[PDB]
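*Asks:* Residue numbers (the deposited numbering), protein chains in the order written: chain A, 52 to 552; chain B, 27 to 283; chain C, 19 to 203. Ideal Cβ positions, reconstructed from N, Cα and C, are used throughout, including at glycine. Starting off with a structure, shown below.
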Amino acid sequence: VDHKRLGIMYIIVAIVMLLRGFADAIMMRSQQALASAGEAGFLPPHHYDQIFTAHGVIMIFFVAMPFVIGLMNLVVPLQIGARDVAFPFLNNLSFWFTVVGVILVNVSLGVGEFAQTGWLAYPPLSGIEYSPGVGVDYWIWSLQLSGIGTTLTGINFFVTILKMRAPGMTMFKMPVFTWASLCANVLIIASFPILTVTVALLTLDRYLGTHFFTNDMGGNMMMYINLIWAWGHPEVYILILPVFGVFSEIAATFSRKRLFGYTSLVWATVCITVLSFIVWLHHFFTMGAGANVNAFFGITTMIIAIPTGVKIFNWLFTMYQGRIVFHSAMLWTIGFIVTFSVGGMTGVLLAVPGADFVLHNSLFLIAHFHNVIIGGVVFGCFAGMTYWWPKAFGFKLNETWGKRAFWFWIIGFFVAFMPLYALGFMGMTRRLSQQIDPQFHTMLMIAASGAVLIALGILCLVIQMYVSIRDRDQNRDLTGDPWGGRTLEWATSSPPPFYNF
Amino acid sequence: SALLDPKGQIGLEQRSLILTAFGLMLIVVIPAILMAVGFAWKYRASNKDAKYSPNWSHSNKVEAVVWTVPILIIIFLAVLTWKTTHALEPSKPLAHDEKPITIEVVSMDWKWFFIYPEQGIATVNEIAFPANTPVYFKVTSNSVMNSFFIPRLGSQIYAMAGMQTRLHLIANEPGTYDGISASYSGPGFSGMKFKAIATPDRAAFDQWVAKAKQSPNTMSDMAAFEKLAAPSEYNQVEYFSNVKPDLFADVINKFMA
Amino acid sequence: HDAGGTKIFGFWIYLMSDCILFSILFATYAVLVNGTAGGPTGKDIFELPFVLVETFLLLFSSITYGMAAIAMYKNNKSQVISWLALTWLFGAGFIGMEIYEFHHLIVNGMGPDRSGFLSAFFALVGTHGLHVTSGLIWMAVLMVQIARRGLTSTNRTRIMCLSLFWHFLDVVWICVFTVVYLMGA
Ligand code: HEO
Ligand code: HEM
Ligand SMILES: [Cu+2]
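Now the structure itself:
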């Protein structure tokens, strides 16, 4: 019931679950290697659709979602200088709710009648699933319970920050991982509700026979698409804004130099938070968008680079004067500054209307984002996990394998997704189960090969940690890292006295 | 085994596929320099290359350093957007010479039926057409929505139930082709592939209809219509020697009232 | 001596959840409208949306003439309850017509519902017909709470909070009619 421990509380869920998601994906990604039915032994799409779709359904709402709701949960307090968090009992349920959705997910899976409508689950496919259709139902329920949860966190923490930092600290002395935490946090507020409404709208459709989206009586699809996608873009921002914070400190500490372009970055975080509720149509282009409405939603997103450059370039200058260390933590930090900016172009490219007409929903798409997610977000989680692993466990991280798991993680990404880009130009249809053109059948092999490595690595790390808790070099210092790492939390004991601090 | 945009056999594709490469070559001005600054660091700014870690705050022309240039990209690689953002777009755009055929897509369950307004036949999983000519596309849906797309032609668009999708196309070389579905996945969403037989001239095109005209089957009614749209994945390239005067409208209507 | 009025701004932000909900929703309706009134259309006479409004309108000032004689102005214990009571009464009433109408809109319609204009609308209020259920039940519950516990000047957090939640509700209702009913029709 203490924010700090709840913090871990999250990570656990995530980890225990990636042991599931990965497994899930690690497995299906095979089918595209060999031809015909393969060793899979699956009858028509029934399952393929479910699985590969359930995947992304998870990774976004249950294993990578915890990241922000987990991290800010264990580190925002101890560094602003507080004693816990504004709404006690509530900060607890903010998680316990995200938990419900959990067991609730394997409820649609525990009967094999789990949906297959896209991690979002579009119309004409959702409601039409016969009266006995309890399939999507479970899906529409798990995200509701889970919905409300994360809805509070952004509220809760918002208050904590706007009324409980350290005495004397002006909002300007606010640490990087905190500034960003605000931004993304407010987002969960002015944006997450959107979905709830939408999710409800469906509710009646399939449960009460209403026609919020049935064009055979009065409803329309061009409505449901707007909402999910209106609030969707933000989802991709709250899941990376915070990382900016975690990234900043892991960088600054070890390089031994303050985060350059302070003010600059400041507003960036701000700016980036504004230009988000007006650019969602870049998920619409094909579904018939007004040549002029194309720009109002295509051009807007095109400027959003300028804000991205700020951050990057600003961290660079933080390196330019030397004396950087490259341990576990600083190592991920590297990847970020690399991979992230890699897939970036892909977004700057698809930004233009036509530039995507041929790539939309094509493998290119899959290659565009997994980039910015895996090598841009999933790196964060790990990257941070190091920097703070002691501050919450009482022990530091094995620098040995940490440098090991890393490579397998950087390497494999590319041998598993750069190939997908190709498949896109030749125009490959997403989530297909059956293809034939020998060409695709090739890159797929590389891709399905890039993973064999990534897969094994998810094991090395996870096995290393075990080895790090049980077996440990019990650190009894206050700050295992150089004087560079300067944030009120550090000065504290690791772990903290049970009643915080 | 390919790593570049589709075969250049269409006018549009140029001012739509060139787009990507063109800009990608005018974007690199950044990533390369980004894949430059990030790299060079762990180099000289290291411990055995820099006695210590001096410290400073700003200059404000540090932003400028990487300020005016990014936005310079998002301008060059911006002006283009606007202009380039047209051609394939719907609305109405007139351009005729009493020759451009007007197909009507009726993508049903895991198959691709077609309606020829001034011909009298019907198709499934294959639509032929002359070369260097306008291909008028009328699209919608009978079941769930879908995507009308020809890779080597960079021609994609949705097909929502109860609505008409507008798109036109120009082929500039013979040969057959293939068309894929939409982002949706399910039993057969990965089998809905059709061709784009682009013969040498229309002389042999007039015969494509001919052969079908012979087909011992016709699409004269809605009762028969729901029959060809009945549950059946991967439908063989079938035909029809007759199509009710207003089948297109026959669909929308039923799914609008 | 600061954490006192914390759940306030810590709730005032909470409205940003039930404040946007009522906006995207309106957007749906605002869509599910221009579909042109095709045949079957249920009209509303300007009487209920005046008695419904008035009722719910007196509450806008069933707390305006109250807040003071609740604590702000020198509290008077009971003088902060009988009024809540009246207030609860209007809530139970406002919800009444909100039910008489529906019934009437399903007494003729022997079950099967049709069109979206009797859909979105059919729901737009529902929400506004639920918000004023719990936000009408939490009120009366705290009522029995203010009894034994009994709050007093400065020390009144919730009743000055709720006097912001609800005060927002009516605001959302100073449109509903002033957009849906009159304008729509
Ligand atoms: C959280 C992950 C994440 C992130 C960070 C991004 C970031 C961006 N995304 Fe991607 N996206 C992500 C996740 C997704 N995007 C999607 C879809 C998507 C689509 C629609 C494609 C489609 O669905 O068919 C577009 C056009 C973009 C654009 C962008 C842009 C411009 C950025 C920008 O943020 C990029 C910022 C980085 C830049 C700009 C490069 C770095 C270099 C700079 C900044 C220097 C300046 C450069 C210039 C001036 C040229 N995204 C989808 C698919 C949804 C679905 O399944 O349907 C997902 C999941
Ligand atoms: C390197 C580990 C991962 C592998 C190997 C992997 C693999 C895949 C594959 C093969 C697909 C299906 C593509 C298709 O056929 O269309 C997919 C889809 C998807 N993945 Fe991943 N993925 C990984 C990590 C992630 C992560 C970290 C996220 C982020 C939350 C993610 C989100 C998604 C989403 C949203 C989809 C689409 C789901 C849908 O079809 O509805 N993936 N992934
Ligand atoms: Cu987006």
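1. Suppose the cutoff is 6 angstroms on Cβ atoms and the five residues either side in sequence are ignored; what does the same chain contact list for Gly205 (chain A) look like?
2. Does the pairing of the segment 32 to 43 of chain B with the segment 329 to 341 of chain A give three or more beta-carbon distances under 8 angstroms?
3. Rounded C-beta distance between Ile66 (chain A) and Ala506 (chain A)? I'm assuming under 8 angstroms.
4. Skipping 5 residues on each side, what residues in its chain have a beta carbon closer than 8 angstroms to that of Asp524 (chain A)?
5. Return the residue from the list B:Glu144, B:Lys137 and B:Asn158 that minimises the CA-CA distance to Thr128 (chain B).
6. Where does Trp138 (chain B) sit, in a helix, a strand or coil, going by DSSP?
7. Figure out for me which residue from A:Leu367, A:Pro441 and A:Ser392 has the closest Cα to the Cα of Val88 (chain B).
8. Where do the N-terminal and C-terminal ends of the alpha helix (DSSP H) with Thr538 (chain A) fall, by residue?
9. Taking three-plus beta-carbon pairs below 8 angstroms as touching, is the segment 146 to 166 of chain A in contact with the segment 189 to 196 of chain A?
10. What's the gap between the Cα of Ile26 (chain C) and the Cα of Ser232 (chain A)?
11. Fully enclosed by the segment 115 to 155 of chain A, which alpha helix (DSSP H) runs are 4 residues long or longer?
12. In the structure shown, what three-state DSSP assignment does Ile179 (chain A) receive?
13. Please list, following the chain, all residues that have a C-beta closer than 7 angstroms to any non-hydrogen atom of ligand 3.
14. Is it right to say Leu33 (chain C) is buried, meaning 16 or more other beta carbons lie within 10 angstroms of its own, or is it exposed?
15. Let's see if you can read the secondary structure: which residues bound the alpha helix (DSSP H) around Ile276 (chain A)?
16. Check the Cβ-Cβ distances between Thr54 (chain C) and every residue of chain A, and say whether any is below 8 angstroms.
17. Work out the CA separation of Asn168 (chain B) and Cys432 (chain A) for me, nearest whole Å.
18. Would you identify the three-state DSSP class for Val51 (chain C), choosing helix, strand or coil?
19. What is the rounded straight-line gap between the Cα of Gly132 (chain A) and the Cα of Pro548 (chain A)?
20. Report the three-state DSSP secondary structure of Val269 (chain B) (helix, strand or coil).
21. In whole angstroms, what is the alpha-carbon distance linking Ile497 (chain A) and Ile153 (chain B)?
22. Would you kindly check if the distance between the Cβ of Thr244 (chain B) and the Cβ of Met353 (chain A) is under 8 angstroms?
23. Check for me: the alpha helix (DSSP H) holding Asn207 (chain A) runs from which residue to which?
24. Would you kindly work out how many angstroms separate the C-alpha atoms of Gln83 (chain A) and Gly107 (chain A), rounded to a whole number?
25. Quick one: what's got a C-beta closer than 6 angstroms to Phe464 (chain A)'s C-beta in the same chain, skipping five residues either side?
26. Taking DSSP as the reference, what is the three-state secondary structure of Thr175 (chain C)?
27. Any idea what DSSP makes of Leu193 (chain B), helix, strand or coil?
28. By how many angstroms is the C-alpha of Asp232 (chain B) removed from the C-alpha of residue 557 (chain A)?
29. Tell me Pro160 (chain B)'s beta-bridge partners as DSSP assigns them.
30. Rounded to the nearest angstrom, what separates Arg216 (chain A) and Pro128 (chain A) at their Cα positions?
31. Could you compute how far the alpha carbon of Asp488 (chain A) sits from the alpha carbon of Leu401 (chain A)?
32. Can you pull out the residues from the segment 112 to 138 of chain C whose beta carbon lies closer than 8 angstroms to at least one beta carbon of chain A?
33. If you compare alpha carbons, which of B:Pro156, B:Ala236, B:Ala224 and B:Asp272 is closest to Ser246 (chain B)?
34. How far does the beta strand (DSSP E) with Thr149 (chain B) in it reach, from first residue to last?
35. Mind listing, in chain order, the continuous alpha helix (DSSP H) runs of no fewer than 4 residues lying wholly within the segment 122 to 158 of chain C?
36. Check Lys221 (chain B) in the structure and name its three-state DSSP category.
*Replies:* A quick look at the data gives this:
1. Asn236, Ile239 and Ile240
2. no
3. About 16 angstroms separates the two Cβ atoms, so there is no contact after all.
4. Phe446 and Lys447
5. B:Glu144
6. strand
7. A:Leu367
8. No alpha helix (DSSP H) holds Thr538 (chain A); DSSP gives it neither H nor E.
9. yes
10. 21 angstroms
11. 117 to 131
12. coil
13. A:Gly283, A:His284, A:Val287, A:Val330, A:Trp331, A:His333 and A:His334
14. exposed
15. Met272 to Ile289
16. no
17. 45 angstroms
18. coil
19. 14 angstroms
20. strand
21. 34 angstroms
22. no
23. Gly186 to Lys214
24. 18 angstroms
25. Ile425 and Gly426
26. coil
27. strand
28. Outside the shown range of chain A (52 to 552) lies residue 557 (chain A), about which nothing can therefore be said.
29. B:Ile196
30. 8 angstroms
31. 25 angstroms
32. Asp131, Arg132, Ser133, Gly134, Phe135, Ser137 and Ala138
33. B:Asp272
34. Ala148 to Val150
35. 138 to 146 and 149 to 152
36. strand
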